[PDB]
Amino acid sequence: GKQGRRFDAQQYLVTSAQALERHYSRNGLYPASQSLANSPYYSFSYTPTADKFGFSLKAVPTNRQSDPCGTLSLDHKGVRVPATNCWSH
């Protein structure tokens, strides 16, 4: 349940990273912004690097999501955080 909602957030981070790669493929750079939909359980953010060659997607749990993995992140290299024990997507 709580676990299920963590995996939901992971699935959305991944869908979002796939969209970012489509923009990168057409433009050679990541975009300045990306509209993301928050939930009662996670707040999502997209942060490109200054040179727009990298990014970080984050899902930050709300107080209503008492999950041991805390904030989840996913970058332009596919690196998932927390690095162990937490990601299944």
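Numbering starts at 1 and follows the sequence shown.
Look at the mean CA B-factor for 61-69 and for 17-25 in the entry; the higher one is 61-69. The deposited CA B-factor of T47 belongs to the lowest third of values across its chain.
Ranked by C-alpha B-factor against the other modelled residues of its chain, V81 falls in the middle third. Annotation for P40: C-alpha temperature factor in the highest third relative to the rest of the modelled chain, per the entry.
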